[PDB]
$ cat upload.cif   # mmCIF, C-alpha atoms and all ligand atoms
data_input
loop_
_atom_site.label_atom_id
_atom_site.label_comp_id
_atom_site.auth_asym_id
_atom_site.auth_seq_id
_atom_site.Cartn_x
_atom_site.Cartn_y
_atom_site.Cartn_z
CA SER A 1 -38.33 -22.69 -73.54
CA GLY A 2 -39.39 -20.42 -70.67
CA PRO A 3 -37.49 -19.21 -67.59
CA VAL A 4 -36.53 -21.45 -64.67
CA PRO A 5 -38.94 -21.04 -61.74
CA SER A 6 -37.81 -19.60 -58.38
CA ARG A 7 -39.04 -19.39 -54.82
CA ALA A 8 -37.94 -17.42 -51.77
CA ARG A 9 -35.12 -19.05 -49.84
CA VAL A 10 -36.58 -17.79 -46.57
CA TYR A 11 -40.16 -17.42 -45.29
CA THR A 12 -41.23 -19.42 -48.33
CA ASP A 13 -44.43 -20.85 -46.89
CA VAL A 14 -45.44 -18.35 -44.26
CA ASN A 15 -48.79 -17.75 -45.94
CA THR A 16 -49.13 -21.46 -46.68
CA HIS A 17 -49.36 -22.34 -43.01
CA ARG A 18 -51.62 -19.45 -42.08
CA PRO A 19 -55.43 -19.44 -42.09
CA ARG A 20 -57.03 -18.36 -45.35
CA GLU A 21 -58.35 -15.33 -43.44
CA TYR A 22 -54.78 -14.02 -43.08
CA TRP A 23 -53.88 -13.64 -46.75
CA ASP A 24 -57.31 -13.72 -48.39
CA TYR A 25 -57.86 -9.96 -48.45
CA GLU A 26 -60.52 -10.27 -51.13
CA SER A 27 -62.92 -11.87 -48.62
CA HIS A 28 -61.95 -9.34 -45.93
CA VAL A 29 -65.01 -7.42 -44.73
CA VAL A 30 -64.11 -3.94 -43.55
CA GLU A 31 -65.23 -2.27 -40.33
CA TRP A 32 -65.33 1.51 -40.71
CA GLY A 33 -64.56 4.18 -38.13
CA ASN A 34 -66.16 7.62 -37.98
CA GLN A 35 -65.18 10.06 -40.66
CA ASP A 36 -66.47 13.01 -38.60
CA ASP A 37 -63.67 12.38 -36.06
CA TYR A 38 -61.18 14.04 -38.45
CA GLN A 39 -60.64 17.54 -39.83
CA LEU A 40 -58.33 18.14 -42.79
CA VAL A 41 -55.73 20.87 -42.23
CA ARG A 42 -53.64 20.91 -45.41
CA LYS A 43 -52.72 18.79 -48.40
CA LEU A 44 -49.28 17.16 -48.05
CA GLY A 45 -49.04 15.45 -51.42
CA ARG A 46 -50.82 13.60 -54.17
CA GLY A 47 -50.15 10.48 -56.19
CA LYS A 48 -52.06 8.75 -58.97
CA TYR A 49 -54.71 7.05 -56.84
CA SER A 50 -54.58 9.01 -53.57
CA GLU A 51 -54.16 12.34 -51.85
CA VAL A 52 -52.55 12.76 -48.47
CA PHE A 53 -53.58 15.38 -45.93
CA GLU A 54 -52.40 16.52 -42.55
CA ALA A 55 -55.43 16.20 -40.24
CA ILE A 56 -56.52 16.56 -36.63
CA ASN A 57 -58.42 13.92 -34.67
CA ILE A 58 -60.97 16.17 -32.98
CA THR A 59 -61.71 13.66 -30.21
CA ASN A 60 -58.24 14.04 -28.68
CA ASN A 61 -56.66 16.89 -30.65
CA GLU A 62 -53.85 14.73 -32.04
CA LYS A 63 -52.30 15.20 -35.49
CA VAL A 64 -52.79 12.38 -37.98
CA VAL A 65 -52.36 11.88 -41.70
CA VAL A 66 -55.37 11.06 -43.88
CA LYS A 67 -54.92 9.29 -47.21
CA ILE A 68 -58.04 9.62 -49.35
CA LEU A 69 -58.23 6.86 -51.96
CA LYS A 70 -59.24 7.71 -55.53
CA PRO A 71 -61.95 5.39 -56.98
CA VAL A 72 -59.61 2.57 -58.02
CA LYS A 73 -59.98 -1.19 -57.70
CA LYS A 74 -61.66 -2.14 -54.43
CA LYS A 75 -59.42 -5.21 -54.30
CA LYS A 76 -56.33 -2.99 -54.15
CA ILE A 77 -57.85 -1.01 -51.27
CA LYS A 78 -58.72 -4.20 -49.43
CA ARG A 79 -55.21 -5.58 -50.04
CA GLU A 80 -53.52 -2.49 -48.58
CA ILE A 81 -55.90 -2.45 -45.59
CA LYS A 82 -55.39 -6.15 -44.84
CA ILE A 83 -51.63 -5.81 -45.09
CA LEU A 84 -51.60 -2.75 -42.81
CA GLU A 85 -53.78 -4.56 -40.27
CA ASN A 86 -51.61 -7.69 -40.42
CA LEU A 87 -48.42 -5.70 -39.80
CA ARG A 88 -49.81 -3.22 -37.25
CA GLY A 89 -47.58 -2.96 -34.18
CA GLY A 90 -44.57 -4.33 -36.05
CA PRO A 91 -41.26 -2.50 -35.56
CA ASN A 92 -41.15 0.77 -37.48
CA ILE A 93 -44.23 -0.13 -39.54
CA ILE A 94 -46.45 2.94 -40.05
CA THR A 95 -49.51 2.59 -37.79
CA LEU A 96 -52.92 2.51 -39.46
CA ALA A 97 -54.98 4.27 -36.76
CA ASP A 98 -58.41 4.28 -38.45
CA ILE A 99 -60.30 3.59 -41.66
CA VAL A 100 -63.22 5.82 -42.64
CA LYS A 101 -65.74 5.99 -45.45
CA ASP A 102 -67.67 9.11 -46.48
CA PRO A 103 -71.18 7.83 -45.70
CA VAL A 104 -72.74 9.61 -48.68
CA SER A 105 -70.14 9.40 -51.47
CA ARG A 106 -68.63 6.04 -50.34
CA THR A 107 -65.08 7.41 -50.69
CA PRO A 108 -62.69 5.59 -48.30
CA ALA A 109 -59.75 7.06 -46.42
CA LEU A 110 -56.97 5.60 -44.32
CA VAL A 111 -55.84 7.36 -41.17
CA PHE A 112 -52.23 7.03 -40.05
CA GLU A 113 -50.14 8.09 -37.11
CA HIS A 114 -48.41 11.40 -37.84
CA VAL A 115 -44.65 11.47 -38.34
CA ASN A 116 -42.90 14.83 -38.21
CA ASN A 117 -40.51 14.04 -41.08
CA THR A 118 -37.14 15.82 -41.10
CA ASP A 119 -36.41 17.87 -44.26
CA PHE A 120 -34.23 15.91 -46.74
CA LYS A 121 -31.83 18.82 -47.26
CA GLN A 122 -31.36 18.92 -43.48
CA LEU A 123 -30.77 15.15 -43.21
CA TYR A 124 -28.41 15.22 -46.19
CA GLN A 125 -26.13 17.59 -44.31
CA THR A 126 -26.40 16.17 -40.79
CA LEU A 127 -26.47 12.38 -40.86
CA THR A 128 -23.34 10.78 -39.40
CA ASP A 129 -21.89 7.32 -40.03
CA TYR A 130 -23.58 6.17 -36.84
CA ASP A 131 -26.95 7.70 -37.82
CA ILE A 132 -26.97 5.84 -41.12
CA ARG A 133 -26.16 2.52 -39.45
CA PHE A 134 -28.90 3.09 -36.89
CA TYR A 135 -31.61 3.96 -39.39
CA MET A 136 -30.55 1.14 -41.73
CA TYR A 137 -30.89 -1.26 -38.81
CA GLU A 138 -34.38 0.09 -38.06
CA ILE A 139 -35.44 -0.31 -41.71
CA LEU A 140 -34.16 -3.89 -41.57
CA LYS A 141 -36.35 -4.57 -38.53
CA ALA A 142 -39.36 -3.48 -40.53
CA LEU A 143 -38.44 -5.53 -43.57
CA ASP A 144 -37.62 -8.67 -41.57
CA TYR A 145 -40.97 -8.30 -39.86
CA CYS A 146 -43.11 -7.87 -42.99
CA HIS A 147 -41.17 -10.60 -44.83
CA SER A 148 -41.64 -12.96 -41.86
CA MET A 149 -45.34 -12.08 -42.06
CA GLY A 150 -45.37 -13.12 -45.70
CA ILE A 151 -45.51 -9.66 -47.25
CA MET A 152 -43.29 -7.95 -49.84
CA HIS A 153 -43.25 -4.15 -49.64
CA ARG A 154 -42.20 -3.64 -53.31
CA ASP A 155 -41.72 0.13 -53.06
CA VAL A 156 -38.71 0.57 -50.83
CA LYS A 157 -37.19 4.03 -51.50
CA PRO A 158 -36.12 7.06 -49.41
CA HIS A 159 -39.46 8.87 -49.86
CA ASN A 160 -41.21 5.85 -48.25
CA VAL A 161 -38.93 5.91 -45.23
CA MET A 162 -40.04 8.72 -42.92
CA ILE A 163 -37.52 9.91 -40.38
CA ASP A 164 -38.27 12.26 -37.48
CA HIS A 165 -34.62 12.72 -36.63
CA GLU A 166 -35.11 14.72 -33.45
CA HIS A 167 -36.97 11.76 -31.90
CA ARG A 168 -34.77 9.18 -33.71
CA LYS A 169 -38.00 7.84 -35.14
CA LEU A 170 -38.42 5.87 -38.39
CA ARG A 171 -41.48 4.56 -40.20
CA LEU A 172 -41.74 2.54 -43.40
CA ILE A 173 -44.78 3.89 -45.27
CA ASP A 174 -46.79 3.54 -48.50
CA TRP A 175 -47.89 -0.07 -48.50
CA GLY A 176 -50.00 0.53 -51.63
CA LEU A 177 -47.86 -1.79 -53.78
CA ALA A 178 -47.28 -4.41 -51.07
CA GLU A 179 -48.41 -8.00 -51.73
CA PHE A 180 -48.58 -11.43 -50.08
CA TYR A 181 -45.83 -13.82 -51.12
CA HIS A 182 -47.00 -17.22 -52.41
CA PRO A 183 -44.40 -19.65 -53.77
CA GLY A 184 -44.66 -20.09 -57.55
CA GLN A 185 -46.84 -17.00 -57.99
CA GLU A 186 -46.03 -14.78 -60.95
CA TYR A 187 -46.07 -11.13 -59.89
CA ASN A 188 -46.43 -7.82 -61.70
CA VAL A 189 -42.95 -6.47 -62.46
CA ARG A 190 -44.27 -2.88 -62.69
CA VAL A 191 -43.53 -2.12 -59.04
CA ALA A 192 -40.99 0.08 -57.18
CA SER A 193 -39.46 3.40 -58.27
CA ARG A 194 -37.32 3.08 -61.40
CA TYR A 195 -34.16 3.86 -59.41
CA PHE A 196 -34.85 1.11 -56.85
CA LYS A 197 -36.11 -1.63 -59.19
CA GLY A 198 -34.20 -4.88 -58.90
CA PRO A 199 -32.62 -6.58 -61.94
CA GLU A 200 -35.33 -9.25 -61.80
CA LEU A 201 -37.94 -6.56 -62.54
CA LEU A 202 -35.91 -4.91 -65.30
CA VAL A 203 -35.55 -8.24 -67.13
CA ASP A 204 -39.26 -9.07 -66.62
CA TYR A 205 -38.71 -12.07 -64.35
CA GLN A 206 -42.07 -12.35 -62.57
CA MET A 207 -41.43 -15.10 -60.03
CA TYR A 208 -39.58 -12.84 -57.59
CA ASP A 209 -39.87 -12.60 -53.82
CA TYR A 210 -38.91 -10.66 -50.68
CA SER A 211 -35.34 -10.31 -51.98
CA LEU A 212 -36.60 -7.50 -54.26
CA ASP A 213 -36.87 -5.29 -51.15
CA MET A 214 -33.27 -6.11 -50.26
CA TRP A 215 -32.06 -4.81 -53.63
CA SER A 216 -34.03 -1.60 -53.08
CA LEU A 217 -32.49 -1.31 -49.65
CA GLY A 218 -28.98 -1.76 -51.10
CA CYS A 219 -29.69 1.11 -53.50
CA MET A 220 -30.68 3.31 -50.53
CA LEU A 221 -27.55 2.37 -48.62
CA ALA A 222 -25.39 3.22 -51.62
CA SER A 223 -27.17 6.53 -52.07
CA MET A 224 -26.65 7.47 -48.42
CA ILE A 225 -23.00 6.52 -47.90
CA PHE A 226 -21.80 7.73 -51.31
CA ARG A 227 -24.03 10.84 -51.09
CA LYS A 228 -25.49 10.37 -54.56
CA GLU A 229 -29.27 10.22 -54.66
CA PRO A 230 -30.38 8.13 -56.46
CA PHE A 231 -27.26 5.99 -56.88
CA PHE A 232 -28.41 4.20 -60.05
CA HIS A 233 -29.95 7.00 -62.14
CA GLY A 234 -31.45 5.61 -65.38
CA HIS A 235 -33.65 7.74 -67.63
CA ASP A 236 -35.96 4.76 -68.33
CA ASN A 237 -36.18 1.06 -67.43
CA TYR A 238 -33.76 -0.10 -70.12
CA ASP A 239 -31.28 2.61 -69.16
CA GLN A 240 -31.74 1.71 -65.50
CA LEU A 241 -30.28 -1.76 -66.14
CA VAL A 242 -27.44 -0.16 -68.07
CA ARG A 243 -26.62 2.03 -65.04
CA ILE A 244 -26.55 -1.09 -62.88
CA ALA A 245 -24.39 -2.99 -65.39
CA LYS A 246 -21.85 -0.16 -65.53
CA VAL A 247 -21.14 -0.84 -61.85
CA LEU A 248 -21.85 -4.54 -61.27
CA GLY A 249 -20.53 -5.46 -64.71
CA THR A 250 -22.15 -7.18 -67.67
CA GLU A 251 -20.54 -10.59 -67.09
CA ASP A 252 -22.53 -11.36 -63.92
CA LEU A 253 -25.66 -9.98 -65.52
CA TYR A 254 -25.39 -12.45 -68.37
CA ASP A 255 -24.58 -15.26 -65.93
CA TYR A 256 -27.82 -14.34 -64.06
CA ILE A 257 -29.88 -14.32 -67.25
CA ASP A 258 -28.22 -17.61 -68.25
CA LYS A 259 -28.97 -19.32 -64.93
CA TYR A 260 -32.69 -18.53 -65.08
CA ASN A 261 -33.03 -19.05 -68.83
CA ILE A 262 -34.26 -15.47 -69.20
CA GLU A 263 -34.72 -13.94 -72.66
CA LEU A 264 -33.76 -10.34 -73.36
CA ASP A 265 -35.16 -8.00 -75.96
CA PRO A 266 -32.70 -7.95 -78.91
CA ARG A 267 -32.23 -4.20 -78.43
CA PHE A 268 -31.33 -4.78 -74.79
CA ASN A 269 -28.10 -6.62 -75.63
CA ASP A 270 -26.98 -3.80 -77.92
CA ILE A 271 -27.43 -1.04 -75.36
CA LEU A 272 -26.06 -3.09 -72.44
CA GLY A 273 -22.70 -3.27 -74.20
CA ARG A 274 -19.73 -4.63 -72.27
CA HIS A 275 -18.73 -3.32 -68.84
CA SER A 276 -16.22 -4.36 -66.21
CA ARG A 277 -17.35 -4.94 -62.66
CA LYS A 278 -16.18 -1.89 -60.69
CA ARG A 279 -14.73 -1.75 -57.19
CA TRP A 280 -16.93 0.05 -54.65
CA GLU A 281 -13.90 2.19 -53.72
CA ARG A 282 -14.31 3.91 -57.08
CA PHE A 283 -17.23 5.83 -55.53
CA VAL A 284 -15.46 6.91 -52.32
CA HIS A 285 -14.33 10.57 -52.33
CA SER A 286 -13.20 13.23 -49.84
CA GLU A 287 -16.82 14.37 -49.41
CA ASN A 288 -18.33 10.98 -48.52
CA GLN A 289 -15.46 9.00 -47.05
CA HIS A 290 -16.55 9.70 -43.46
CA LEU A 291 -19.68 7.62 -44.21
CA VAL A 292 -17.83 4.71 -45.78
CA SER A 293 -16.05 1.87 -44.04
CA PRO A 294 -14.81 -1.60 -44.98
CA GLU A 295 -17.85 -3.19 -43.32
CA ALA A 296 -20.19 -0.77 -45.14
CA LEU A 297 -18.77 -1.88 -48.45
CA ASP A 298 -18.87 -5.58 -47.54
CA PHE A 299 -22.51 -5.17 -46.53
CA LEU A 300 -23.42 -3.23 -49.66
CA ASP A 301 -21.68 -5.85 -51.77
CA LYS A 302 -23.90 -8.52 -50.23
CA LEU A 303 -27.13 -6.62 -51.04
CA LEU A 304 -26.45 -5.46 -54.60
CA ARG A 305 -26.17 -8.78 -56.40
CA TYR A 306 -27.96 -9.64 -59.62
CA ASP A 307 -29.11 -13.05 -58.47
CA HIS A 308 -32.06 -12.43 -56.16
CA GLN A 309 -31.34 -15.78 -54.46
CA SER A 310 -27.83 -14.64 -53.44
CA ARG A 311 -28.70 -11.41 -51.63
CA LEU A 312 -28.61 -11.08 -47.84
CA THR A 313 -31.93 -11.66 -46.11
CA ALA A 314 -33.07 -8.94 -43.72
CA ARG A 315 -32.17 -11.17 -40.77
CA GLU A 316 -28.68 -11.96 -42.11
CA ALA A 317 -28.16 -8.25 -42.80
CA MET A 318 -28.94 -7.34 -39.17
CA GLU A 319 -26.19 -9.80 -38.14
CA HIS A 320 -23.57 -7.97 -40.21
CA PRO A 321 -20.57 -6.30 -38.46
CA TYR A 322 -21.64 -2.96 -39.95
CA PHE A 323 -24.25 -2.93 -37.18
CA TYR A 324 -22.01 -4.05 -34.29
CA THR A 325 -21.91 -0.61 -32.64
CA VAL A 326 -25.66 -0.18 -33.09
CA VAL A 327 -26.53 -3.59 -31.59
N1 LIG A 401 -47.77 9.46 -41.57
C1 LIG A 401 -47.26 10.72 -42.13
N2 LIG A 401 -46.90 11.74 -41.32
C2 LIG A 401 -46.44 12.91 -41.83
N3 LIG A 401 -46.31 13.10 -43.14
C3 LIG A 401 -46.66 12.11 -44.08
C4 LIG A 401 -47.15 10.89 -43.60
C5 LIG A 401 -47.43 10.07 -44.77
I1 LIG A 401 -48.17 8.10 -44.80
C6 LIG A 401 -47.07 10.87 -45.88
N4 LIG A 401 -46.63 12.07 -45.43
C7 LIG A 401 -46.19 13.12 -46.24
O1 LIG A 401 -47.23 13.33 -47.47
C8 LIG A 401 -46.54 13.48 -48.59
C9 LIG A 401 -46.84 12.32 -49.54
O2 LIG A 401 -46.47 11.11 -48.92
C10 LIG A 401 -45.03 13.47 -48.18
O3 LIG A 401 -44.56 14.74 -48.10
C11 LIG A 401 -45.02 12.80 -46.79
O4 LIG A 401 -43.94 13.32 -46.01
#

$ encode --input "upload.cif" --output "structure tokens"
Amino acid sequence: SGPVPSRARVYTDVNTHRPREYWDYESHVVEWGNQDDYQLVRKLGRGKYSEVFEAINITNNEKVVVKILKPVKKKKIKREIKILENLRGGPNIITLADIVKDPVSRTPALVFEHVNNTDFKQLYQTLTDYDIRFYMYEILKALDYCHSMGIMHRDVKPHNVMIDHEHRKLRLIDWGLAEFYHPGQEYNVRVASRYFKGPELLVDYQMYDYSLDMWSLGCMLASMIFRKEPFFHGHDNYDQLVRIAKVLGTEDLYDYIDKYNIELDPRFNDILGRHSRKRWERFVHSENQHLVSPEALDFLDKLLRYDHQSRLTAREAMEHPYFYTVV
């Protein structure tokens, strides 16, 4: 007997009541800008299927970022473009400024607004309680928006949250793994950074939803206020679930698996062992206590829950007392 099905408890049918044109990225015909508008200045980073460059738009002398896409599936390129276009102008969503294609080699590139990202080591030493609440609220705006627009980000992690702290500016980036939510759809569980993967991914439950992003966000919150980055530090996917179970406890994990009629690898049970649910206070120390409050812990507790259906939505999170001073 297979697992019990699931659907999102919010925004369940947002793509259902939109025109096919909205979510059908496969049929999306692309209109290309002019690649000779941009000059590459330096390489900023590289991933598996793209390289990212600082660039200048020579028509107005503004800095931009150019992401050149390695010859992967055209459907994945079209998906990311459609999602970026759908979300453009949303709060704290990185702005896709242009799309260009080398007219001879056919290589496509995406052009983004430039964000002057503050150095992590600098942020690590400077962010106050208030700063964290503010930026968390701004991330929530972005997630509530994309979720309300029927999109899961699926790669929420600190490296995909750019912060230009001197302008108090935040952008959620890297929409390369993002996907449209359709109720009943079985999704690839190989998404998100290991450290920010939800329990549903680690137990290979494919019928997940927007609530995956809320787990990832909870991990980020924990990392920031406890000053341990990443908070759950597994050495592989099996070990990642062990790190989670050592904090949330094994009892609720097995209740989760039981509720959804999920089957675990035999080896999984043996390495999961038996672990008490810990109190969040266990992670508060002299060095991080200025970032931790009762409302911070209550909020965190409402994000990091095994059952994806029991986690705060982005909207409910923004209503939490943790954000009173910010709002
Ligand atoms: N829009 C932007 N503005 C400035 N820098 C950007 C971006 C984007 I999208 C990515 N980066 C930087 O490139 C590297 C890989 O993401 C990382 O170092 C990342 O900081």

$ closest_atom_pairs --input "upload.cif" --of "chain A" --to "ligand LIG 401 (chain A)" --cutoff "8 Å" --atoms "all atoms listed in the file" --output "JSON lines"
{"residue": "A:43", "atom": "CA", "partner": "A:LIG401", "partner_atom": "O1", "distance": 7.8}
{"residue": "A:44", "atom": "CA", "partner": "A:LIG401", "partner_atom": "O1", "distance": 4.4}
{"residue": "A:45", "atom": "CA", "partner": "A:LIG401", "partner_atom": "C8", "distance": 4.3}
{"residue": "A:46", "atom": "CA", "partner": "A:LIG401", "partner_atom": "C9", "distance": 6.2}
{"residue": "A:47", "atom": "CA", "partner": "A:LIG401", "partner_atom": "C9", "distance": 7.7}
{"residue": "A:51", "atom": "CA", "partner": "A:LIG401", "partner_atom": "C9", "distance": 7.7}
{"residue": "A:52", "atom": "CA", "partner": "A:LIG401", "partner_atom": "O1", "distance": 5.4}
{"residue": "A:53", "atom": "CA", "partner": "A:LIG401", "partner_atom": "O1", "distance": 6.8}
{"residue": "A:54", "atom": "CA", "partner": "A:LIG401", "partner_atom": "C2", "distance": 7.0}
{"residue": "A:64", "atom": "CA", "partner": "A:LIG401", "partner_atom": "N2", "distance": 6.8}
{"residue": "A:65", "atom": "CA", "partner": "A:LIG401", "partner_atom": "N1", "distance": 5.2}
{"residue": "A:66", "atom": "CA", "partner": "A:LIG401", "partner_atom": "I1", "distance": 7.8}
{"residue": "A:67", "atom": "CA", "partner": "A:LIG401", "partner_atom": "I1", "distance": 7.3}
{"residue": "A:94", "atom": "CA", "partner": "A:LIG401", "partner_atom": "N1", "distance": 6.8}
{"residue": "A:112", "atom": "CA", "partner": "A:LIG401", "partner_atom": "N1", "distance": 5.3}
{"residue": "A:113", "atom": "CA", "partner": "A:LIG401", "partner_atom": "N1", "distance": 5.2}
{"residue": "A:114", "atom": "CA", "partner": "A:LIG401", "partner_atom": "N2", "distance": 3.8}
{"residue": "A:115", "atom": "CA", "partner": "A:LIG401", "partner_atom": "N2", "distance": 3.7}
{"residue": "A:116", "atom": "CA", "partner": "A:LIG401", "partner_atom": "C2", "distance": 5.4}
{"residue": "A:117", "atom": "CA", "partner": "A:LIG401", "partner_atom": "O4", "distance": 6.0}
{"residue": "A:159", "atom": "CA", "partner": "A:LIG401", "partner_atom": "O4", "distance": 7.4}
{"residue": "A:160", "atom": "CA", "partner": "A:LIG401", "partner_atom": "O2", "distance": 7.5}
{"residue": "A:162", "atom": "CA", "partner": "A:LIG401", "partner_atom": "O4", "distance": 6.8}
{"residue": "A:173", "atom": "CA", "partner": "A:LIG401", "partner_atom": "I1", "distance": 5.4}
{"residue": "A:174", "atom": "CA", "partner": "A:LIG401", "partner_atom": "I1", "distance": 6.0}

$ closest_residue --input "upload.cif" --among "A:293, A:216, A:250, A:288" --to "residue 274 of chain A" --atoms "all atoms listed in the file"
A:250

$ closest_residue --input "upload.cif" --among "A:239, A:13, A:295, A:166" --to "residue 127 of chain A" --atoms "only C-alpha atoms"
A:166

$ atom_distance --input "upload.cif" --atom1 "atom CA of residue 299 of chain A" --atom2 "atom CA of residue 83 of chain A"
29.2 Å

$ closest_residue --input "upload.cif" --among "A:257, A:77, A:142, A:14" --to "residue 214 of chain A" --atoms "only C-alpha atoms"
A:142

$ atom_distance --input "upload.cif" --atom1 "atom CA of residue 17 of chain A" --atom2 "atom CA of residue 146 of chain A"
15.8 Å

$ closest_residue --input "upload.cif" --among "A:137, A:38, A:322, A:306" --to "residue 102 of chain A" --atoms "all atoms listed in the file"
A:38

$ closest_residue --input "upload.cif" --among "A:278, A:133, A:101, A:106" --to "residue 323 of chain A" --atoms "all atoms listed in the file"
A:133

$ closest_residue --input "upload.cif" --among "A:130, A:215, A:49, A:11" --to "residue 324 of chain A" --atoms "all atoms listed in the file"
A:130

$ axis_aligned_box --input "upload.cif" --around "segment 275-280 of chain A" --padding-each-side "3 Å" --output "JSON"
{"center_x": -16.7, "center_y": -2.4, "center_z": -61.7, "size_x": 10.0, "size_y": 11.0, "size_z": 20.2}

$ atom_distance --input "upload.cif" --atom1 "atom CA of residue 219 of chain A" --atom2 "atom CA of residue 156 of chain A"
9.4 Å

$ closest_atom_pairs --input "upload.cif" --of "segment 236-321 of chain A" --to "segment 187-207 of chain A" --cutoff "12 Å" --atoms "all atoms listed in the file" --output "JSON lines"
{"residue": "A:236", "atom": "CA", "partner": "A:194", "partner_atom": "CA", "distance": 7.3}
{"residue": "A:237", "atom": "CA", "partner": "A:202", "partner_atom": "CA", "distance": 6.3}
{"residue": "A:238", "atom": "CA", "partner": "A:202", "partner_atom": "CA", "distance": 7.1}
{"residue": "A:239", "atom": "CA", "partner": "A:202", "partner_atom": "CA", "distance": 9.6}
{"residue": "A:240", "atom": "CA", "partner": "A:195", "partner_atom": "CA", "distance": 6.9}
{"residue": "A:241", "atom": "CA", "partner": "A:202", "partner_atom": "CA", "distance": 6.5}
{"residue": "A:242", "atom": "CA", "partner": "A:202", "partner_atom": "CA", "distance": 10.1}
{"residue": "A:243", "atom": "CA", "partner": "A:195", "partner_atom": "CA", "distance": 9.6}
{"residue": "A:244", "atom": "CA", "partner": "A:199", "partner_atom": "CA", "distance": 8.2}
{"residue": "A:245", "atom": "CA", "partner": "A:199", "partner_atom": "CA", "distance": 9.6}
{"residue": "A:248", "atom": "CA", "partner": "A:199", "partner_atom": "CA", "distance": 11.0}
{"residue": "A:250", "atom": "CA", "partner": "A:199", "partner_atom": "CA", "distance": 12.0}
{"residue": "A:252", "atom": "CA", "partner": "A:199", "partner_atom": "CA", "distance": 11.3}
{"residue": "A:253", "atom": "CA", "partner": "A:199", "partner_atom": "CA", "distance": 8.5}
{"residue": "A:254", "atom": "CA", "partner": "A:203", "partner_atom": "CA", "distance": 11.1}
{"residue": "A:256", "atom": "CA", "partner": "A:200", "partner_atom": "CA", "distance": 9.3}
{"residue": "A:257", "atom": "CA", "partner": "A:203", "partner_atom": "CA", "distance": 8.3}
{"residue": "A:258", "atom": "CA", "partner": "A:203", "partner_atom": "CA", "distance": 11.9}
{"residue": "A:260", "atom": "CA", "partner": "A:205", "partner_atom": "CA", "distance": 8.9}
{"residue": "A:261", "atom": "CA", "partner": "A:205", "partner_atom": "CA", "distance": 10.1}
{"residue": "A:262", "atom": "CA", "partner": "A:205", "partner_atom": "CA", "distance": 7.4}
{"residue": "A:263", "atom": "CA", "partner": "A:203", "partner_atom": "CA", "distance": 8.0}
{"residue": "A:264", "atom": "CA", "partner": "A:203", "partner_atom": "CA", "distance": 6.8}
{"residue": "A:265", "atom": "CA", "partner": "A:203", "partner_atom": "CA", "distance": 8.8}
{"residue": "A:268", "atom": "CA", "partner": "A:203", "partner_atom": "CA", "distance": 9.4}
{"residue": "A:269", "atom": "CA", "partner": "A:203", "partner_atom": "CA", "distance": 11.4}
{"residue": "A:303", "atom": "CA", "partner": "A:198", "partner_atom": "CA", "distance": 10.7}
{"residue": "A:304", "atom": "CA", "partner": "A:198", "partner_atom": "CA", "distance": 8.9}
{"residue": "A:305", "atom": "CA", "partner": "A:199", "partner_atom": "CA", "distance": 8.8}
{"residue": "A:306", "atom": "CA", "partner": "A:199", "partner_atom": "CA", "distance": 6.0}
{"residue": "A:307", "atom": "CA", "partner": "A:200", "partner_atom": "CA", "distance": 8.0}
{"residue": "A:308", "atom": "CA", "partner": "A:200", "partner_atom": "CA", "distance": 7.3}
{"residue": "A:309", "atom": "CA", "partner": "A:200", "partner_atom": "CA", "distance": 10.6}
{"residue": "A:311", "atom": "CA", "partner": "A:198", "partner_atom": "CA", "distance": 11.2}

$ write_last_selection --input "upload.cif" --atoms "C-alpha atoms" --output "JSON list (two decimals), in the frame of the given file"
[["chain", "number", "residue", "atom", "x", "y", "z"],
["A", 236, "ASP", "CA", -35.96, 4.76, -68.33],
["A", 237, "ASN", "CA", -36.18, 1.06, -67.43],
["A", 238, "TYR", "CA", -33.76, -0.10, -70.12],
["A", 239, "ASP", "CA", -31.28, 2.61, -69.16],
["A", 240, "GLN", "CA", -31.74, 1.71, -65.50],
["A", 241, "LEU", "CA", -30.28, -1.76, -66.14],
["A", 242, "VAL", "CA", -27.44, -0.16, -68.07],
["A", 243, "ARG", "CA", -26.62, 2.03, -65.04],
["A", 244, "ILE", "CA", -26.55, -1.09, -62.88],
["A", 245, "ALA", "CA", -24.39, -2.99, -65.39],
["A", 248, "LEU", "CA", -21.85, -4.54, -61.27],
["A", 250, "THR", "CA", -22.15, -7.18, -67.67],
["A", 252, "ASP", "CA", -22.53, -11.36, -63.92],
["A", 253, "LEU", "CA", -25.66, -9.98, -65.52],
["A", 254, "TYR", "CA", -25.39, -12.45, -68.37],
["A", 256, "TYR", "CA", -27.82, -14.34, -64.06],
["A", 257, "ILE", "CA", -29.88, -14.32, -67.25],
["A", 258, "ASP", "CA", -28.22, -17.61, -68.25],
["A", 260, "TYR", "CA", -32.69, -18.53, -65.08],
["A", 261, "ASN", "CA", -33.03, -19.05, -68.83],
["A", 262, "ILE", "CA", -34.26, -15.47, -69.20],
["A", 263, "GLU", "CA", -34.72, -13.94, -72.66],
["A", 264, "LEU", "CA", -33.76, -10.34, -73.36],
["A", 265, "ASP", "CA", -35.16, -8.00, -75.96],
["A", 268, "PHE", "CA", -31.33, -4.78, -74.79],
["A", 269, "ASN", "CA", -28.10, -6.62, -75.63],
["A", 303, "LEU", "CA", -27.13, -6.62, -51.04],
["A", 304, "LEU", "CA", -26.45, -5.46, -54.60],
["A", 305, "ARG", "CA", -26.17, -8.78, -56.40],
["A", 306, "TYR", "CA", -27.96, -9.64, -59.62],
["A", 307, "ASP", "CA", -29.11, -13.05, -58.47],
["A", 308, "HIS", "CA", -32.06, -12.43, -56.16],
["A", 309, "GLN", "CA", -31.34, -15.78, -54.46],
["A", 311, "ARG", "CA", -28.70, -11.41, -51.63]]
